[PDB]
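Engineer: This is the structure, below, for whatever I ask next.
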Amino acid sequence: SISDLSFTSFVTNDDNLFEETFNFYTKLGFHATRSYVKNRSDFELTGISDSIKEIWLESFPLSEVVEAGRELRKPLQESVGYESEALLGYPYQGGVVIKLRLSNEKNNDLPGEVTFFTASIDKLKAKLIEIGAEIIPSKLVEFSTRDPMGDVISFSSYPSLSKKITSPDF
Amino acid sequence: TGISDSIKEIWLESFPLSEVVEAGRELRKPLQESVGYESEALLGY
Amino acid sequence: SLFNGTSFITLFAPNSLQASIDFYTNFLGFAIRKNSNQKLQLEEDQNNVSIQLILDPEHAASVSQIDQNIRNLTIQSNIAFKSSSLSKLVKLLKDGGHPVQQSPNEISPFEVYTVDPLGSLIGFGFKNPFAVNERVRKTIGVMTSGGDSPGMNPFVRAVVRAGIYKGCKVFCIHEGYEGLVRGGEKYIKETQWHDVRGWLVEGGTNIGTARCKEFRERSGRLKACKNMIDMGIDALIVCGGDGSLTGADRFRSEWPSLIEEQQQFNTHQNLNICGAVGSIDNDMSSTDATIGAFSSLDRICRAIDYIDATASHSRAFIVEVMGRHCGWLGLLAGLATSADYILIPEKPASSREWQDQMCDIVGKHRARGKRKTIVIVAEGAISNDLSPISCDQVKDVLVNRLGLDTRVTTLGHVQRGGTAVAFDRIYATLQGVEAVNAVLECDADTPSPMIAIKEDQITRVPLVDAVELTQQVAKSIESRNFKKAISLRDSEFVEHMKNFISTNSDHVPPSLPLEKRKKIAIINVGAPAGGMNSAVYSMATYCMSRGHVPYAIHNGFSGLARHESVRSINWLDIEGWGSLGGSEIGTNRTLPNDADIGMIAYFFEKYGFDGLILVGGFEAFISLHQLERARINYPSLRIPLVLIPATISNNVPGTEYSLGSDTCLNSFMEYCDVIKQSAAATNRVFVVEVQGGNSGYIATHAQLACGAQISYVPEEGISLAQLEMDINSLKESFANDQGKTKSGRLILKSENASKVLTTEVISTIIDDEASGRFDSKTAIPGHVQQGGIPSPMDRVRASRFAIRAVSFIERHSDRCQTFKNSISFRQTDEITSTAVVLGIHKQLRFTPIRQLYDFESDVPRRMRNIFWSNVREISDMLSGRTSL
Amino acid sequence: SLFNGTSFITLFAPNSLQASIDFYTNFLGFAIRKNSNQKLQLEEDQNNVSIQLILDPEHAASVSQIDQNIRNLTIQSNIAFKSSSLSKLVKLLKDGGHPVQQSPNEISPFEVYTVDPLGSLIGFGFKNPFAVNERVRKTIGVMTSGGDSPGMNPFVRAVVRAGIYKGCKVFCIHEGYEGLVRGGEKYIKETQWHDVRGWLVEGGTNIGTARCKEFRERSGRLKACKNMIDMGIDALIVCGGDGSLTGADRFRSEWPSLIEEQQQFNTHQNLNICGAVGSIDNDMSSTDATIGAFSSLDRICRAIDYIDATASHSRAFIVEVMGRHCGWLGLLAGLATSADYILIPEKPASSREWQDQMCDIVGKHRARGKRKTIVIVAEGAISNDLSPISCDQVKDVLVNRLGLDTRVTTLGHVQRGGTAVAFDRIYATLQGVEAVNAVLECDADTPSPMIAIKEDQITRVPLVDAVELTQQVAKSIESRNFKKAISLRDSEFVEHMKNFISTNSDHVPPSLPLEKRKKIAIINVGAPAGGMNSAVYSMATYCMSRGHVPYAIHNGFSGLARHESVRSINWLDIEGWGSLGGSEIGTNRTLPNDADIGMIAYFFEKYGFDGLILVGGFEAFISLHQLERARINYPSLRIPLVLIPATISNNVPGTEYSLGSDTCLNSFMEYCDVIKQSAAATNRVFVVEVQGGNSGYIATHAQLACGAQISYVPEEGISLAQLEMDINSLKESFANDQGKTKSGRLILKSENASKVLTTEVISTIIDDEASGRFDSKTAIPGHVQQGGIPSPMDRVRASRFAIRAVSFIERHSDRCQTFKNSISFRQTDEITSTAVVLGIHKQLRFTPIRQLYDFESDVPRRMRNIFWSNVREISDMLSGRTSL
Ligand SMILES: Nc1ncnc2c1ncn2[C@@H]1O[C@H](COP(=O)(O)OP(=O)(O)OP(=O)(O)O)[C@@H](O)[C@H]1O
Ligand SMILES: Nc1ncnc2c1ncn2[C@@H]1O[C@H](COP(=O)(O)OP(=O)(O)OP(=O)(O)O)[C@@H](O)[C@H]1O
């Protein structure tokens with residue numbers, strides 16, 4: 001009874017690789033929502049498998065932007081198709097947890113990859129050429145890219161990919 | 001205790017000398033039923 | 001944003017792919033998409049879950065195999081899934097042969113591995129309480145045989161009611177076998193439900209017993225057989241002694257007495273017979289306790305207690321005990337009252353004359369300081385050469401060989417009179433119920449059963465095998481193989497015999513070599529409970545017997561940490577402790593962490609304790625866990641830690657019996673009897689407030705033992721609908737009392753059953769609803785239910801458990817000293833096993849604190865899953881209660 | 001063992017030794033041993049403490065100096081000492097210029113440095129609660145002047161009692177100056193303690209006021225002077241308005257009227273005079289509030305509230321307000337009731353005609369949706385050219401220039417009548433007390449005082465300087481410098497004027513440039529309190545005024561974490577919120593850590609909040625601390641966090657005033673009045689149960705405002721001895737009622753004062769002890785004391801505080817974004833300053849949560865050091881209570 005995917009975790013031994021990966025996604029629209037380091041005040045929810053540093057990045061979902069004419073700001077859940085649930089309701093839902101292991105011990109990276117959805121395929125392609133590399137695709141995948149981690153990019157389970165502001169029903 | 005932090009810490013104790021109990025078997029430590037033990041608000045003398 | 005969502009996970013397989021296809025489909029609930037292009041795994045409709053699998057050689061078989069084994073150490077990049085109720089998937093993986101990683105095993109994130117390793121699962125984005133979990137007819141005949149045994153009336157009451165409830169006519173065969181042989185309406189009377197009213201309190205046998213000379217011959221056995229077929233009795237239930245049941249067994253084999261002198265012979269072709277032991281002796285071999293044994297033991301100890309309750313030199317006292325065949329009463333009384341010398345048939349003097357043996361033991365005791373010498377003489381008191389030893393024989397040795405003024409106390413019929421003790425009432429009742437079921441469940445291919453108790457649990461044992469075994473013991477005594485006779489008796493008897501002689505023997509050189517001798521400490525944690533002092537007495541005397549140094553930690557963990565309350569235990573100072581109520585050491589509810597855990601650890605190393613015995617309730621339970629978990633910090637705590645549960649409540653997991661619960665049960669049972677008697681004197685109900693806290697154990701058992709109509713328990717609570725139903729029950733009960741016995745009515749309400757509907761509130765509602773037809777009054781005795789003088793059962797059980805505790809510490813100390821003398825202690829499985837809870841389960845077993853704390857307890861403010869569910873059902877059956 | 005003990009510490013010095021000798025002797029209590037061998041430091045007798053100091057060159061000056069500075073970074077081998085009460089040594093070191101290291105600053109181990117660094121100190125061996133800490137006569141004359149002002153009777157009551165208590169004759173000068181000029185027994189009557197009974201409730205002035213034409217001239221001023229010397233009045237207390245006090249001030253300077261026409265001239269040589277402002281106007285310059293101002297403001301708002309409590313297009317309503325010189329009543333009513341347009345003398349239309357100004361503002365409001373237009377017209381309503389603007393003038397503009405059917409409401413005498421509001425009763429009383437003390441403490445070299453309130457605190461200000469300043473304001477208005485006149489008024493007036501025009505102005509372009517515009521959120525945490533909705537209304541309207549985006553977090557932290565309750569605030573939707581009771585947003589007691597702190601943090605970043613305003617009680621206080629402490633984990637929380645205390649209790653540290661306490665005080669005061677009135681009708685006492693929890697603030701103030709004989713508070717508790725003493729007081733009180741006014745008797749008991757001695761128990765004890773001479777009845781209103789419609793004070797204070805909160809977030813947001821956009825956040829001092837509590841202290845100040853949580857609060861189950869100690873003393877004085 002798995003709803004969807006919660007997050008992807010990337011573990012590294014090299015701090016230099018860790019920080020360069022953080023800055024890579026930072027340039028790509030990610031925001032660090034939670035941070036950890038070796039102080040007894042720090043809250044622990046994730047830390048195995050332990051970790052010396054951990055940065056939780058979030059590329060926030062897309063909601064129906066509010067007009068006020070001044071400059072555009074995010075709405076609330078007073079939005080178009082928001083249906084309140086027992087917990088939170090029902091908006092293009094992606095978070096990636098970056099973990100850093102000690103000096104020593106640690107497994108080697110296996111061959112698998114993750115494919116994320118983008119409603120701005122060309123805008124992403126342009127930032128990647130402005131930053132890193134753009135791998136050619138195989139199979140829904142539009143293209144692919146890399147850092148110590150190789151990743152794929154396409155459109156979600158829906159038919160197509162950027163109308164954030166939705167059409168209200170009749 | 002852990003500052004000043006620390007990766008490892010060992011607390012060693014060379015226990016005080018008390019009035020040893022006879023039982024003839026082999027000698028063992030007494031209690032605070034000992035000679036000059038005077039009980040205080042906390043622990044005694 | 002630009003990373004707008006998460007479309008799918010892409011996995012590359014070596015060349016084979018199918019193993020993973022089977023895993024993600026059976027374990028995760030995925031499905032292969034229709035018409036595959038080469039040779040997509042989607043979960044379900046209206047979703048967005050997808051995993052892509054490709055057979056391209058991009059992932060190696062050698063690398064993947066090495067990575068799987070590498071993970072078998074309890075780091076790599078992974079993928080987490082949002083999934084409700086992770087607990088169900090973790091069990092499905094573990095049982096499917098897949099290892100998993102989780103937070104408190106309660107649980108937060110779950111993580112397993114496939115050919116595609118590290119497949120995580122979270123129960124939510126960030127920290128918070130998780131995502132909600134999605135979507136047969138036969139007429140019975142009862143009889144009693146042999147001498148009066150307390151509990152015979154409770155048994156008959158049970159048989160009459162159980163049989164009635166199961167829809168069958170119950171006949172009470174008056175004057176046992178005599179009544180069975182003579183027959184007729186004169187001796188075989190049909191009994192009604194209301195005819196056995198308040199028989200719980202009644203002593204002896206209301207039916208009656210008689211020795212039938214004719215039934216000893218085939219002459220009478222045939223006459224009895226006719227009378228059963230004439231009365232239409234399809235089944236017989238005998239409640240009596242050894243021969244009483246052997247004669248029933250002979251009657252069973254001799255039943256094929258077809259005697260031509262066919263309608264009746266066709267119907268009444270087979271004898272449905274069931275036995276229950278109604279004896280004070282406890283001589284029957286296939287049961288641990290016979291009905292009346294503990295009440296008789298109680299009468300004896302009541303006398304010994306009175307004897308001990310005085311001053312004086314040159315004084316000896318003889319307690320002449322009833323019990324012709326067995327020495328159980330002598331041995332247990334001797335144990336419960338710490339008697340100097342016991343004369344029982346299983347253990348006569350062997351290497352020297354009984355007079356020399358007695359005088360030596362008595363002498364040693366007086367020499368060390370003990371001024372009140374108590375000698376117990378069994379009815380079956382015998383010498384090697386089977387010569388019976390009389391009381392006068394024993395008296396003259398004490399008066400002439402020693403200078404003691406001896407005063408003999410003889411119980412006689414006292415040992416058969418009085419009401420049955422709580423244990424006898426509870427057990428005789430359940431045995432009565434079982435006897436009916438056994439008799440109904442019986443089929444011609446099933447051997448005739450005898451109802452037996454085996455470590456606090458009702459069982460069925462073949463009567464032939466039990467009759468044969470008792471004879472084997474008598475044969476061993478008569479053939480002068482006493483050592484053999486002792487082993488032939490139940491395992492509890494052999495343990496008690498060992499326990500007694502060891503505790504009776506400080507005044508003889510230690511039984512262990514110098515190297516094997518240890519420093520064992522004892523504490524009392526929680527509220528006082530009967531047997532706390534007995535557990536201390538038995539442990540100290542057993543330690544002296546082995547050559548150990550027994551230490552007592554006065555006034556719990558607070559006394560140790562704040563005051564260095566480690567005190568030595570002197571044999572003369574602990575004189576009469578086994579019979580004293582409360583805690584002489586001092587007990588409190590202070591936890592090791594509420595006192596200084598570092599200071600407890602410091603004193604443990606200062607005094608160099610090789611083990612610890614905790615005697616106490618739930619606080620002592622938490623204490624064990626707190627001491628066990630602190631082992632990583634303190635090597636001083638890396639020693640065997642044993643808990644002997646002691647609470648009147650019985651809220652501690654690990655045991656089915658907590659020390660002091662029988663003492664408490666019996667005091668409350670005596671209180672309830674007086675209250676019901678008072679109700680019987682005036683159309684009145686009593687709402688009796690019960691102790692035990694959040695544990696409904698005492699009210700359950702008191703309801704059964706007293707004949708209470710209802711018992712309101714904390715596990716169930718009190719609903720208005722049940723309260724209205726129960727009040728209407730009372731309304732009807734009193735409307736139907738017109739004609740029957742006025743036995744009185746009780747409602748037992750555990751204080752914790754309702755905070756709103758209190759004893760006082762409940763009673764006012766009864767009066768309101770009663771509309772003058774009857775009244776209600778409360779009975780609130782208070783937190784006095786503890787009781788003074790502990791029950792002989794509590795004194796005895798505490799001795800047994802204290803010794804098993806010392807013996808466990810002996811066994812495990814060697815293993816512990818490895819973890820003690822070493823740092824780098826990673827808290828293994830070999831060490832966690834040493835922090836244990838001693839308990840009764842169906843079997844006497846030590847259970848590691850870890851499994852009971854994490855899984856078997858309401859660790860929180862509740863301090864408590866119950867076992868007594870069946871007892872509850874039966875007590876509602878016997879009182880006509882209708883639940884909802 | 002072999003290392004049996006610790007003899008002494010040996011320290012080596014470079015060549016000089018003396019600096020350390022001075023340190024260990026002054027700071028540690030050591031002493032130099034008698035007759036030194038070369039050129040030993042022992043502590044005391046019957047001990048074993050010793051430190052050896054040697055001057056041998058074994059330790060270098062360069063190395064030691066470098067090590068001392070190296071330690072100034074908050075590892076090295078050290079020595080620890082066993083020392084009781086470490087707190088005292090830590091203060092002695094820190095203040096002596098020595099740095100120290102400790103555990104919770106409460107504290108466990110203390111560590112400092114000398115020339116011999118790292119000298120540790122522990123308060124015990126291992127973890128446990130620490131080692132216990134070792135070892136003048138003059139006769140007064142009162143008068144009232146000017147128009148009726150609620151609170152004049154409470155003031156006179158105070159003066160009569162205070163003066164009596166201080167041992168001096170009090171005379172009440174009837175008909176003010178007229179009575180003073182006419183003199184005699186007819187107007188100057190001696191007043192007794194019982195003569196001012198129940199005057200708290202009484203409206204207007206029982207003494208009376210009269211405009212004396214003669215006193216305006218030297219003719220009368222002389223006659224008045226004679227009458228005082230004839231009556232033997234050594235001191236005068238005037239309670240009145242502006243001119244009423246200016247005339248008293250002129251009488252003060254003109255006092256040297258020796259006039260020969262010497263015994264009396266020698267004694268009555270100096271005029272002891274004291275002033276108190278008895279005006280509804282609030283025109284006097286050196287005080288923040290005049291006596292009667294808030295009651296008058298209350299009458300006005302009561303009318304506006306009734307006007308708003310209806311439907312309708314083409315409707316306008318005019319509220320004609322009494323108040324000739326000042327615009328304070330108009331401005332505050334306008335603010336409290338969110339009026340469209342106010343016509344006050346300090347702010348007449350300047351750049352355009354008042355009709356054009358009014359029509360524009362009114363028009364804009366109607367256009368945006370507001371259907372009920374309320375226009376407030378001051379008595380002093382004026383134009384630029386000082387032409388007075390009438391109601392009819394205003395009516396015709398609304399009826400003819402706009403199509404509105406206008407209905408005028410004129411308060412008239414309503415604005416002077418009725419009982420004084422809780423604030424007026426409390427303040428007038430304390431002012432009366434102070435006026436007496438001031439008059440007694442007066443000396444010829446001391447300038448005549450006027451009693452003034454300065455931000456909820458009673459002060460003394462020179463009457464001449466206050467008279468001069470009020471004239472300066474009048475001069476500014478008359479000289480047409482309104483901007484100047486506004487600045488000349490008290491700082492609260494200037495802030496309120498700014499607050500009103502900004503909240504009145506969404507319908508005009510934002511006051512901040514695009515870059516400086518932020519996203520501010522608001523939450524309500526705890527139980528509801530009057531002003532919660534006003535704080536929300538004012539914050540949202542002020543945000544729109546600046547160009548910020550106001551967000552409302554519905555139903556506290558639980559609503560955010562479990563349901564994403566971030567909601568936008570629309571101006572039309574919040575119509576009338578400033579006047580609504582409770583919390584429209586939704587409030588609860590759920591803490592950020594009891595809700596998901598990670599989820600709160602997630603939504604803070606999802607919506608990108610630039611600041612947070614918490615409106616609530618102690619749970620909102622803990623909430624701040626919990627959000628502040630989570631900043632290390634979540635960059636999203638590294639923004640200014642501001643708490644505006646809102647509790648009826650006033651338990652939150654940081655403020656002396658919590659929002660809703662005046663609303664609550666007033667509702668309970670109204671309840672107590674009815675109860676006392678009922679007691680007055682029947683020899684009866686009422687024990688009135690008071691709310692506020694563990695905070696005794698409300699019962700303290702209710703005792704003063706209602707004239708309760710006793711108030712039982714949680715900080716003091718209720719002793720049996722005090723209860724017996726207080727009951728005997730009641731016994732005597734009723735025995736002495738024979739002859740005096742029957743005003744009734746109250747005892748106020750905070751529920752938390754005693755768990756055993758409850759309202760109901762206390763009252764039954766009174767009846768038992770009373771022996772039929774009087775009876776006792778309880779009054780338990782319940783947790784209803786919250787109150788609906790918040791007090792004008794609460795509506796006004798909430799507006800002021802909400803704006804100060806937004807303004808703080810504006811100031812601190814730039815600094816925060818440094819910590820927000822950066823990882824490696826080490827939790828500095830620059831950031832901890834942003835998590836603050838807005839409060840009143842003597843001064844309106846923001847206090848960092850860290851200092852109030854760690855040091856100023858009972859963080860635990862108590863949720864609460866008090867300031868109201870003096871108020872308590874005075875209320876016991878005024879009621880004749882004797883403590884123990
Ligand atoms: N009947 C008894 N009652 C009480 N204690 C006994 C009894 N028999 C033995 N003991 C305990 O055992 C200790 C040793 O007893 P003993 O020296 O006579 O050896 P034994 O093996 O039990 O005797 P035997 O070989 O004659 O049967 C006694 O001193 C006593 O403390
Ligand atoms: N008497 C008033 N009553 C209510 N709001 C007022 C009043 N005077 C000004 N305002 C508010 O201030 C806003 C701007 O006021 P305005 O357009 O008249 O400029 P101003 O500086 O107040 O006027 P002036 O220069 O004529 O004194 C109004 O739209 C309204 O919010």
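Naming scheme: A, B, ... for chains in displayed order of the structure tokens; residues 1 onward per chain; ligands 1 onward as shown.
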Contacts from chain A to chain B, 12 Å maximum, only C-alpha atoms: show me the residue list as a count of residues only.

Structural biologist: 3

Engineer: Got a sec to check which residues lie within 10 Å of ligand 2, using only C-alpha atoms and all ligand atoms, and send them as a tab-separated table (two decimals) with N, CA and C atoms, in the first residue's frame?

Structural biologist:
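Below is the file that was written, selection.tsv:
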chain	number	residue	atom	x	y	z
D	330	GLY	N	-12.10	60.63	20.66
D	330	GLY	CA	-12.45	60.45	19.26
D	330	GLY	C	-11.52	59.48	18.56
D	331	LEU	N	-10.19	59.70	18.73
D	331	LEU	CA	-9.11	58.87	18.16
D	331	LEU	C	-9.16	57.41	18.66
D	334	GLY	N	-12.43	55.69	17.53
D	334	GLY	CA	-12.20	55.47	16.11
D	334	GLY	C	-11.34	54.26	15.85
D	335	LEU	N	-10.28	54.10	16.65
D	335	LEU	CA	-9.35	52.98	16.57
D	335	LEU	C	-10.03	51.68	17.02
D	338	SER	N	-12.89	50.79	14.61
D	338	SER	CA	-12.53	50.95	13.19
D	338	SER	C	-13.51	51.88	12.42
D	339	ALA	N	-13.62	53.15	12.89
D	339	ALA	CA	-14.49	54.16	12.28
D	339	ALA	C	-13.85	54.61	10.99
D	340	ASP	N	-14.69	54.99	10.01
D	340	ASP	CA	-14.25	55.42	8.68
D	340	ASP	C	-13.52	56.76	8.70
D	341	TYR	N	-14.13	57.76	9.38
D	341	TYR	CA	-13.61	59.11	9.47
D	341	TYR	C	-13.88	59.69	10.85
D	342	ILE	N	-12.86	60.32	11.45
D	342	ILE	CA	-12.94	60.99	12.74
D	342	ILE	C	-12.66	62.50	12.56
D	343	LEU	N	-13.45	63.35	13.25
D	343	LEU	CA	-13.28	64.79	13.25
D	343	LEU	C	-12.81	65.22	14.61
D	344	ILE	N	-11.46	65.27	14.80
D	344	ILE	CA	-10.82	65.67	16.05
D	344	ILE	C	-9.99	66.97	15.87
D	345	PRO	N	-9.90	67.84	16.93
D	345	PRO	CA	-9.17	69.12	16.79
D	345	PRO	C	-7.68	69.07	16.42
D	346	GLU	N	-6.96	68.02	16.81
D	346	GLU	CA	-5.52	67.91	16.53
D	346	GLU	C	-5.26	67.59	15.07
D	347	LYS	N	-6.18	66.88	14.40
D	347	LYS	CA	-5.98	66.52	12.99
D	347	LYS	C	-7.09	67.03	12.05
D	348	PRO	N	-7.29	68.37	11.93
D	348	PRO	CA	-8.25	68.86	10.94
D	348	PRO	C	-7.65	68.70	9.53
D	349	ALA	N	-8.51	68.71	8.48
D	349	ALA	CA	-8.11	68.57	7.07
D	349	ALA	C	-7.24	69.74	6.76
D	350	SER	N	-6.15	69.54	6.01
D	350	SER	CA	-5.22	70.63	5.72
D	350	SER	C	-5.05	70.95	4.20
D	351	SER	N	-4.65	69.96	3.39
D	351	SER	CA	-4.39	70.10	1.96
D	351	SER	C	-5.66	70.21	1.12
D	352	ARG	N	-6.84	69.97	1.73
D	352	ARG	CA	-8.16	70.02	1.07
D	352	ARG	C	-9.25	70.21	2.14
D	353	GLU	N	-10.45	70.65	1.71
D	353	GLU	CA	-11.61	70.87	2.57
D	353	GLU	C	-11.96	69.59	3.35
D	354	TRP	N	-12.43	69.71	4.63
D	354	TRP	CA	-12.81	68.53	5.47
D	354	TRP	C	-13.89	67.69	4.82
D	356	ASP	N	-14.35	67.36	1.47
D	356	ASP	CA	-13.66	66.63	0.40
D	356	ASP	C	-12.87	65.47	1.00
D	357	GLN	N	-12.13	65.73	2.09
D	357	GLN	CA	-11.36	64.71	2.80
D	357	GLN	C	-12.29	63.56	3.27
D	358	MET	N	-13.38	63.92	4.00
D	358	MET	CA	-14.33	62.96	4.54
D	358	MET	C	-14.94	62.13	3.44
D	359	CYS	N	-15.47	62.79	2.40
D	359	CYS	CA	-16.14	62.12	1.30
D	359	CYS	C	-15.25	61.14	0.57
D	360	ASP	N	-13.96	61.48	0.45
D	360	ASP	CA	-12.96	60.64	-0.22
D	360	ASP	C	-12.74	59.35	0.57
D	361	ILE	N	-12.42	59.49	1.87
D	361	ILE	CA	-12.19	58.39	2.80
D	361	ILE	C	-13.44	57.51	2.91
D	362	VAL	N	-14.61	58.11	3.22
D	362	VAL	CA	-15.90	57.41	3.30
D	362	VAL	C	-16.21	56.67	1.99
D	363	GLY	N	-16.10	57.40	0.87
D	363	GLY	CA	-16.30	56.88	-0.47
D	363	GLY	C	-15.46	55.66	-0.75
D	364	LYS	N	-14.13	55.76	-0.55
D	364	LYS	CA	-13.20	54.64	-0.75
D	364	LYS	C	-13.62	53.38	0.04
D	365	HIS	N	-14.05	53.56	1.29
D	365	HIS	CA	-14.49	52.50	2.18
D	365	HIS	C	-15.74	51.79	1.64
D	375	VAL	N	-18.93	57.76	11.43
D	375	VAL	CA	-18.21	59.03	11.49
D	375	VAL	C	-18.29	59.54	12.94
D	376	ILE	N	-17.14	59.80	13.55
D	376	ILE	CA	-17.07	60.29	14.92
D	376	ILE	C	-16.77	61.78	14.94
D	377	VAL	N	-17.65	62.56	15.58
D	377	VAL	CA	-17.53	64.00	15.70
D	377	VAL	C	-17.21	64.39	17.16
D	384	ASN	N	-9.33	73.91	9.81
D	384	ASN	CA	-8.01	74.59	9.76
D	384	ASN	C	-8.10	75.96	10.44
D	482	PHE	N	-1.08	72.24	14.16
D	482	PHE	CA	-1.70	70.97	14.52
D	482	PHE	C	-0.68	69.85	14.56
D	483	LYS	N	0.25	69.79	13.58
D	483	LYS	CA	1.36	68.83	13.48
D	483	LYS	C	2.22	68.86	14.79
D	497	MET	N	-2.35	57.96	16.75
D	497	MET	CA	-2.68	58.76	15.58
D	497	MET	C	-2.08	58.15	14.32
D	498	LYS	N	-0.81	57.74	14.39
D	498	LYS	CA	-0.08	57.06	13.33
D	498	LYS	C	-0.75	55.69	13.05
D	500	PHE	N	-3.84	54.64	13.70
D	500	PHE	CA	-5.18	54.82	13.14
D	500	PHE	C	-5.17	55.15	11.67
D	501	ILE	N	-4.41	56.16	11.26
D	501	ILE	CA	-4.41	56.54	9.85
D	501	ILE	C	-3.85	55.43	8.95
D	502	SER	N	-2.83	54.69	9.43
D	502	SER	CA	-2.26	53.57	8.65
D	502	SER	C	-3.24	52.40	8.51
D	503	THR	N	-3.91	52.01	9.61
D	503	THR	CA	-4.90	50.93	9.59
D	503	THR	C	-6.12	51.33	8.78
D	504	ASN	N	-6.47	52.64	8.78
D	504	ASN	CA	-7.61	53.19	8.02
D	504	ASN	C	-7.32	53.21	6.52
D	505	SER	N	-6.03	53.42	6.15
D	505	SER	CA	-5.53	53.46	4.79
D	505	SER	C	-5.03	52.07	4.30
D	506	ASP	N	-4.85	49.41	2.84
D	506	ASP	CA	-5.18	48.70	1.61
D	506	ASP	C	-5.67	49.58	0.45
D	507	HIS	N	-6.55	50.56	0.71
D	507	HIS	CA	-7.12	51.41	-0.35
D	507	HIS	C	-6.33	52.68	-0.78
D	508	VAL	N	-4.99	52.59	-0.75
D	508	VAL	CA	-4.02	53.61	-1.14
D	508	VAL	C	-2.69	52.89	-1.46
D	545	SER	N	-1.13	48.44	4.42
D	545	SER	CA	-0.68	49.84	4.44
D	545	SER	C	0.80	49.94	3.98

Engineer: Using only C-alpha atoms, find the residues of chain C whose closest atom to chain D is at most 10 Å away, then write them as number ranges by chain.

Structural biologist: C: 125-129, 561-562, 593-602

Engineer: Within 10 Å of residue 41 of chain B, counting only C-alpha atoms, which residues qualify if same-chain residues fewer than 2 places away don't, as a PyMOL selection string?

Structural biologist: (chain B and resi 39+43-44) or (chain C and resi 562-563) or (chain D and resi 131-132)

Engineer: To test your reading of the structure, identify every residue in segment 4-157 of chain A that backbone DSSP assigns to strand (DSSP E or B), and report it as a VMD selection string.

Structural biologist: chain A and resid 4 to 12 31 to 37 53 to 58 62 66 73 92 95 to 100 113 to 117 135 143 to 146 150 to 154

Engineer: Just need the residues of chain D within 9 Å of chain B, counting only C-alpha atoms, so spit them out as a PyMOL selection string.

Structural biologist: chain D and resi 1-5+75-77+131-132

Engineer: For residue 416 of chain C, work out the shell of residues within 12 Å, counting only C-alpha atoms and skipping chain neighbours fewer than 6 positions away, then give it as an NGL selection string.

Structural biologist: :C and (146-152 or 203-205 or 278-281 or 291-300 or 321-323)

Engineer: Give me the residues within 12 Å of residue 141 of chain A as a ChimeraX atom specification, counting only C-alpha atoms and dropping any in the same chain fewer than 4 places off.

Structural biologist: /A:113-118,121,135-137,145,151-156 /C:7-10,52

Engineer: So that I can see what lies close to segment 2-5 of chain A, please list as a ChimeraX atom specification the residues with an atom at most 12 Å from it, counting only C-alpha atoms and leaving out residues fewer than 2 positions away in the same chain.

Structural biologist: /A:7-9,93-96,114-116,156-157 /C:5-9,24,27-30,42-51,78-86,89,119-125,131,133-134
